[PDB]
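Student: I'd like to ask some things about the structure below.
Nothing in this text is a laboratory measurement; each read-out follows from the coordinates by a stated rule. Heads up, the Cβs are rebuilt from the backbone with ideal geometry, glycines too, and the neighbour counts pull from every protein chain shown.
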Amino acid sequence: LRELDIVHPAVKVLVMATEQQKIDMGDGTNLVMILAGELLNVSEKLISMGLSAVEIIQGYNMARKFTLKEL
Amino acid sequence: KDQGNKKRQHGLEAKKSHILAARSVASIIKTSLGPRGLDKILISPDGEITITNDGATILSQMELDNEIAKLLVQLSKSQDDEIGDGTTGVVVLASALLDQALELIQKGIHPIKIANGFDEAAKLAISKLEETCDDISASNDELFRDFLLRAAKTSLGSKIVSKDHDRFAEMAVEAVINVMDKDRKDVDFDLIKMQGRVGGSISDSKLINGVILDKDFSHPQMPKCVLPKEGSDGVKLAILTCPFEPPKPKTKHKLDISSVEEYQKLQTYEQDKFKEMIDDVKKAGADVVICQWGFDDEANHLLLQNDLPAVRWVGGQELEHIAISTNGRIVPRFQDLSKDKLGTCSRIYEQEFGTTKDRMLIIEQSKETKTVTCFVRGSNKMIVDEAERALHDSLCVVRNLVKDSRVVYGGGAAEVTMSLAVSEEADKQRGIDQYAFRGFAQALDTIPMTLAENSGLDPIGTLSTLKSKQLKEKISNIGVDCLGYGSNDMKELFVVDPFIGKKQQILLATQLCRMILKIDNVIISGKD
Amino acid sequence: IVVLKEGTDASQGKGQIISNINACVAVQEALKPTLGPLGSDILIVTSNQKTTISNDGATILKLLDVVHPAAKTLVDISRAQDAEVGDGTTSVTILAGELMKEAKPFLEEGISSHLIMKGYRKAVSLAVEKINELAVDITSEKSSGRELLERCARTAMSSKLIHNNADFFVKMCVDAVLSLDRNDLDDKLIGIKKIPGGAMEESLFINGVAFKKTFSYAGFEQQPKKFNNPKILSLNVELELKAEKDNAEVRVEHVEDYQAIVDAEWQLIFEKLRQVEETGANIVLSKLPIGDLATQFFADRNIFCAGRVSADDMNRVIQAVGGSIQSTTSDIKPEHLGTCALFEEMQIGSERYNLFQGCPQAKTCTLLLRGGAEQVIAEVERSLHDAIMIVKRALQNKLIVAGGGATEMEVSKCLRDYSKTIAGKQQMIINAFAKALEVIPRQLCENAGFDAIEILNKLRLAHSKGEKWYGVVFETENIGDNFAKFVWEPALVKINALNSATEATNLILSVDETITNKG
C-alpha cells in the first residue's frame, strides 16, 4: 500500500487503517484490510435486501461491541 | 536493459536471414573480382568522389546495421593484413559456402555437421594444392627473381602506374631484400615505411635506406643540409629525447626582467644550462642534433653559431628507424650523450622530386639496411593511392613467395583442381560428409565462374571446359581469361599465386563460414 | 496531482503466472543454443553499437538483462549461481525454464501453485539424496582420492611415449599436486627439470625444488655436498671482493693509496663474509655470480653457496623452504632461513644438480626427468604436464558424479520410481520434475547435432539395467559408461545448480501480480 498507486479516496480509508495498525500494533496489517474488505462485501448483500446504511452501521457497531467483549 | 526497440531472430528466420545478408554483402564486390573487375564509386560524406575496384576498400568504408554483415566486414578488415589481395576471393568463397549451407540445412543437416564437413573439405583441398604445387626457388634463382618481378609488375599494372611500373617493382624487391632475411623469410612491414604526397610523376619513386625527417630545422638561419664534409666519416647524429631547454615552471612562468639582479640571475641559470647542453653535444662529436622535442631560441642560436643543424619533433618510431639505419642508440638526455652512442649516415640532404619545390630532407645510407622507406609520388591523389596499394600488394606477394617455395597458378585453375579433388573424394565418404564435400566443391566452383562473368565469358561453358581439360587430358594450370591472353593454360602465361596465399584464403573463408554459421541467435537493442 | 501507473491497470492470478512462465520460456529459448561445449554462440549488439559474440551464459545474461520481472529474477538467480559457484549458470537457467514450462499445464488445469512448489521441493530433496548416493567416494574398489588421480594421469598419458611406463609417472604426477597445499592448486607450483642420461623409469620425484648447476667459479666440489640441517638464505648483492651494486669508479694516481683502498674494501668483505657464518646461513643462494673469495670462505667454513640462480628457481626454492630474500648479510634474520630434511647435489647426467627433498611443508615441487635424449625428455615433460593438469582438475573436486547426462538420467529414474510410492497429487509434480531434469541431455544432444529422440530413448532403456554411470558420448554419437571414460562433473556443482533452479522456479511461481510505478 505504501508503494501502490492508490488514487480512489475510499481506498485511502483502508490505507490509513493499515497505517494505524502498523503504528500502534506490531502485526495485523493484512488482517485489518481483509476484515474491512469482507465487511464492505457483506454490506453489498445487506443493501441488496433493501436495508438502509444507517441501520447497517448500527448493527455493525453492536456486533463490534459484542465481539470485542467476547474476545 | 534497453528492451524497447529491440529486434531478434531465432529458430525460423535466423539462418535464412544470415545467409541472405551474407549473400547481399558478397554481391557488393562480387563483380569486382579479378584484375578486370568492374569499379565502384565511393563518395566521402564531404562529397569527395573516388573510383576503385578494391574489395577491401569497398567493404572497409561501408557501415551497416546488419549484424552478420558487420561481422563479415570486421573479419575482412583483419584479413586484409594477412593477405590483402585475397579479400574479395575469400568473401566470395564464404558467400558460396553459406549458399550451399542453406540448401544443406533445407535438407535437414545440422549446422555443426556442415561446419565440420567444410573444415574437412578445406583440409582435403589444401592437401591437393600441396600435391599439385610447384617449386620455383628450387628450380633456378634467375627464374625465381623473374617470377618475383613478374608478380610485382602484374600487381602494379592494374593501376595508372602501368606505364612505368618497372621502377616500382624494382624498388619493392630491393626493399624486401634489404629488410627481410632468409632466417625467417618474413618481411617486417613495420620497417618498410610508406610515404608520399600529391605531385610529380610515377617516375619519381625512390627507395630510401633510412628515415625521411622532412623538417624545417626550426630556426630560419639553421642550415637545411648536413654535408659529408669532403670525405669525412659520414654524418654523426645526436639521438636525444630531452628537450633542448632548461626546466621551466608549469603554472605561471612569466619570467620577466624587472631589474639588473633578476636579469643577471635568470641569464646565468639559462646560459649555464644551454652551455652545458651544447658542450655535451660538441664533446659527443655529433654533426646534427636530433631531439624528440623542439628547441629554444638560445639553443637554436648556439647550434647555428657552432654549425650544428637541428631536427625537431622526431617521433619514437622515427628515433627507432634512425637507430636501426645508422646503427646508433637513443640517448635519454644531453648529459648521457657520448660519441659511443652517435649514429652514422652517409649524408642528410634535400631531395627534389619532379617539379616539387618543397626540397624535403632525407637521410640516406646508400648501403644495405634493415629499415627502408618506400617513397611514392604521382600527378594526382588517386595515382598515389593506387601506387601505394599496388606496392603493398607486391610486397605481400613477394613475402608469400619467398616464405614458401610451393606456388599455385591463378585464373581459377587451383580452384578447379580443388573442386575436382573434393568431388572425387565426396563419393568415398558416407553420410553427411558426402553432402558437405559436394557443397564445398560447388562453392569452389563459384570463383572461376565469377571470374569468367567479370571477363565477359559464359561461366557455365567456361567452367565445364576447364573441368574437361583438367580431367580428361591431365592435371595442369588452366584458368579463365582474366586478362588478354592468346589461350588458356596459365602455366605458359606465368600467372602464379603463392601456395601460402591460397591456403590462407581457403582457411580464412572456412573460418568466416564457421563464424557466421555458428551464430544461431542475434539480439540488437535500440538507438539513442 | 501525481499518478504513477498513468491510469493503467493489470490483471492478477494465474494469468500473471502464465505470463511469467512465457517470459521464462523466452529466456530459456534464447539461452538454449549455448548449453554444452558444442553449443552455438549468440551475437548481441549493445546500445553503444558494440558487437560481442560469446557462448558463456553469464556474459549473455549480462548483455541482455531482459526487463521482464520473471526474466529479471532468472537473471539474478543465474548471476548468484555464477558468483557463488561459477559453473552451471546456463544449466540453471535451462532447468528453471523447463520447470516453468512444466508448471504451465498444472496451472491450466487448476492446480494451485503451492502444491507445485511443495512437489518441486520434495523432488529436490529426493534428487539431492540420490546424487549423494551416486556420488563416487570409494576406497576398497581400487580407487580413491589418490588412486583415481593415478588412473586419470594414466588416461591423460594414454597413446603417449610414456604410456607403457605410466605406472611410475602417475605417482609422480599425483604427488606433485598432493605435495603442496591441496586446497590451493596451481600448475606454476609444479616444476619440471630435464636431466639427460638414464632410463625414463628412473625419473626422481623431489618434494622440494631442484635446479641445474649455476656455480662456475673457484671452489666447485670443495664445499659440503649434503646437509642434514640446511639453512637456505638468499642474499642479494654481496658475495664479492669488490662491491657490484651502488659502486663507483675510483681513479688513483698513487699505487700505495689504491692498494690501501683495495685492502680496506677486502677487509670489509672479510667482515661481511664472517657475519654470513655468524648468521647461521649454511646454504647461500643469489641470482648474481658469487666471487672466489666468498666461495673459499664458505668452503673453509663448511658452507654451501651457488650463484647465478634464475629468478623463477630462486622464488620456488624460497617458497618451498619457507625462507625469504635478504638484501644484505648484516640484516639476515633467523625467520628468513628455510630448512629441509636433506639437501644434496645429484650427479645424474654427468653433472651436479641441486635439489631439496624431504620438505612436506613446501608450497612447490620440482620433477627430475631422465632419458637417453633431450627430445625424449621433452615428450615426457609434455605428457607429465598433461597428466598434471588432468589430476589437478580431478583433485579440485574429488566428489564426482557421472557426466554427460548420466546423473540427470539417474535422478529422473529415481524420481519416477518414487512417484509410484507417493500416491497423491504430488505424483504429477514429481513426474514433471523428473521429466524436466531430462532437458539437459536433450538440449546437449540437439546442440551437438545428434538424434535427440533416439539417443534419449536408448539412454532411458539402458539406464534401467546395469551401472548408473551410463550417459551420452559426445565424441562419437552413441551412449555408454562415461565414468569408465573418465568423464564426470562435480556433485556439489550439480546440487547447487538444481537448488538454484528450483529456488528461481519457486520465486517466480510465487508471484501473483506485478505493479510498476513510473520513474
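Student: Treating the beta-carbon of each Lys and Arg as +1 and of each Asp and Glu as -1, no other charges, what is the dipole magnitude of region A:1-65 about its Cα centre, to the nearest 20 debye? Walk me through the numbers before you get to the answer.
Tutor: Details: 6 positive and 8 negative charges, 35 e Å.
So the dipole magnitude of region A:1-65 works out to roughly 160 debye.
Student: Residue by residue, what Karplus-based ³J(HN,Hα) values in Hz, rounded to whole numbers, does region B:316-331 have, using 6.51, -1.76 and 1.60 with θ = phi - 60° and x for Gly and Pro?
Tutor: These are the phi-based 3J(HN,Hα) values: x, 5, 5, 5, 4, 4, 4, 4, 5, 5, 8, 6, x, 9, 8, 9 Hz.
Student: Can you check what the net charge comes to around B:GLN74, using other residues whose Cβ is under 12 Å from the Cβ of B:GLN74 (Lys, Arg +1; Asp, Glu -1)?
Tutor: Net local charge, B:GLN74 excluded: 0.
Student: Another one. Placing +1 on the Cβ of each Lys and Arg and -1 on the Cβ of each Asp and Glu in the protein assembly as shown, which of B:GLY484, C:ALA311, B:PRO309 has its Cα farthest towards the positive end of the resulting dipole?
Tutor: B:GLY484
Student: With θ taken as phi - 60° and the coefficients 6.51, -1.76 and 1.60, list the Karplus ³J(HN,Hα) couplings across region C:143-159 in order, rounded to whole Hz; mark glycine and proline as x.
Tutor: 7, 6, x, 10, 5, 4, 5, 4, 4, 5, 4, 4, 4, 4, 8, 5, 6
Student: On to the next question. Read phi for every residue in region B:421-437 and hand back ³J(HN,Hα) as whole Hz from Karplus 6.51 cos²θ - 1.76 cosθ + 1.60, θ = phi - 60°, with x for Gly and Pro.
Tutor: Values, residue by residue: 4, 5, 4, 5, 6, 4, 5, 8, 9, 8, x, 4, 4, 4, 4, 5, 5 Hz.
Student: What are the residues whose amide H is under 5 Å from the amide H of B:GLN9, where those residues sit 5 or more places off or on another chain and H is modelled from the backbone?
Tutor: B:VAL522
Student: What do you get for GluC sites (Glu not before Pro) in region C:308-400 restricted to DSSP loop and a cutoff of at most 11 other Cβ within 10 Å of the site's Cβ?
Tutor: Sparse-neighbourhood loop GluC sites (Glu not before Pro): none present.
Student: Translational diffusion coefficient, Stokes-Einstein: compute it for the protein assembly as shown using the Kirkwood radius over C-alpha pairs as Rh, at 10 °C and 1.306 mPa s, and state it as an integer in µm² s⁻¹.
Tutor: Working: Rh = 38.2 Å.
Using the Kirkwood radius from Cα pairs, D works out to 42 µm²/s.
Student: Amide H neighbours of B:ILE348 under 5 Å, counting only residues 5+ apart in sequence or on other chains, H built in-plane at 1.01 Å?
Tutor: B:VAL226
Student: While we're here: Find the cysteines in chain C that fail to meet the 4.7 Å Cβ criterion with every other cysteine, and list them.
Tutor: Among the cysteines of chain C, those whose Cβ sits 4.7 Å or more from every other are C:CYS24, C:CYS152, C:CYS173, C:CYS305, C:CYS365, C:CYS414, C:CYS445.
Student: Additional query: Collect residues whose amide H, placed 1.01 Å from N in the peptide plane, falls under 5 Å from the amide H of C:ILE192; neighbours closer than 5 in sequence don't count.
Tutor: C:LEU367
Student: Specify the longest stretch of chain B that does not include any exposed loop site, a site being one of the GluC sites (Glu not before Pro) with a non-H, G, I, E, B DSSP assignment and at most 12 other Cβ atoms within 10 Å.
Tutor: B:64-229
Student: Then there is this: Suppose the chain between B:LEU20 and B:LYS474 were pulled fully straight at 0.36 nm per residue; how much longer would it get relative to their current alpha carbon spacing?
Tutor: 159.6 nm
Student: Turning to a different aspect of this structure: So what is the 222 nm mean residue ellipticity for the protein assembly as shown from helices alone, if each DSSP H run of at least 4 adds -39500 (n - 2.57) and you divide by all residues, rounding to the nearest 500 deg cm²/dmol?
Tutor: When only DSSP H runs of four or more count, the value is -16000 deg cm²/dmol.
Student: Next up: Looking at region B:1-109, which trypsin sites (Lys or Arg not before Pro) are DSSP coil and have at most 11 other C-beta atoms within 10 Å of their C-beta?
Tutor: Qualifying residues, ordered by number: B:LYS107.
Student: Still on this structure, I have one more. Toward the positive end of the charge dipole of chain B, about the Cα centre and with charges on Cβ (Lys, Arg +1; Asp, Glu -1), which of B:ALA175, B:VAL211, B:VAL90 goes farthest?
Tutor: Towards the positive end, the residue furthest out is B:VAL90.
Student: Can you give the charge dipole size of chain C about its Cα centre, rounded to the nearest 20 debye, using +1 on the beta carbon of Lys and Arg and -1 on the beta carbon of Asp and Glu? If you can, show how the numbers build up before the last one.
Tutor: Numbers: 58 positive and 70 negative charges, 379 e Å.
Value, rounded to 20: 1820 debye.
Student: Follow-up. B:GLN264 versus C:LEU38, label points 7 Å from Cα toward the beta carbon: distance in nm?
Tutor: That separation, rounded to one decimal, is 9.3 nm.
Student: All other residues with a Cβ under 13 Å from the Cβ of C:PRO37 taken together, and with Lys, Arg as +1 and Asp, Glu as -1, what is their net charge?
Tutor: Cβ neighbours under 13 Å give a net charge of -4.
Student: Please say if chain B is rounded, prolate or oblate, where rounded means a/c under 1.5 for a ≥ b ≥ c the square roots of the C-alpha gyration tensor eigenvalues, and otherwise the choice is prolate for a/b larger than b/c and oblate otherwise?
Tutor: Because a/c hits 1.5 or more and a/b exceeds b/c, chain B counts as prolate.
Student: Could I ask something else about it? Can you check how the C-alpha radius of gyration of region B:210-369 compares to 2.2 N^0.38 Å, as a plain ratio?
Tutor: Its radius of gyration relative to the 2.2 N^0.38 Å reference: 1.11.
Student: Just in region B:302-351: which chymotrypsin sites (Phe, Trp or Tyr not before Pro) are loop by DSSP and have at most 16 other Cβ atoms within 10 Å?
Tutor: Qualifying residues, ordered by number: B:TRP313.
Student: Which Rg and Dmax, in Å, describe the Cα atoms of region C:376-519?
Tutor: Rg then Dmax for region C:376-519, in Å: 19.8, 72.
Student: Would you work out the Kirkwood radius for region B:299-456? I mean one over the mean of 1/r across all pairs of different Cα atoms, in Å.
Tutor: Final number for the Kirkwood radius of region B:299-456 is 22.0 Å.
Student: State the dimensionless ratio Rg/Rh of chain C (Rg: radius of gyration of Cα atoms; Rh: Kirkwood radius).
Tutor: That ratio equals 1.16.
Student: Once the Cα atoms of region B:56-156 are picked out, what are the Rg and Dmax in Å?
Tutor: 18.3, 55
Student: Can you pick out the pairs among B:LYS518/C:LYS50; B:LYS428/B:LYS503; C:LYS231/C:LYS363; B:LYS77/C:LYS50; B:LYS403/C:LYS194; C:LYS435/C:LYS465 whose Cα atoms lie more than 22 Å from each other?
Tutor: Distance filter (> 22 Å) returns B:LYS428/B:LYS503; B:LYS403/C:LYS194.
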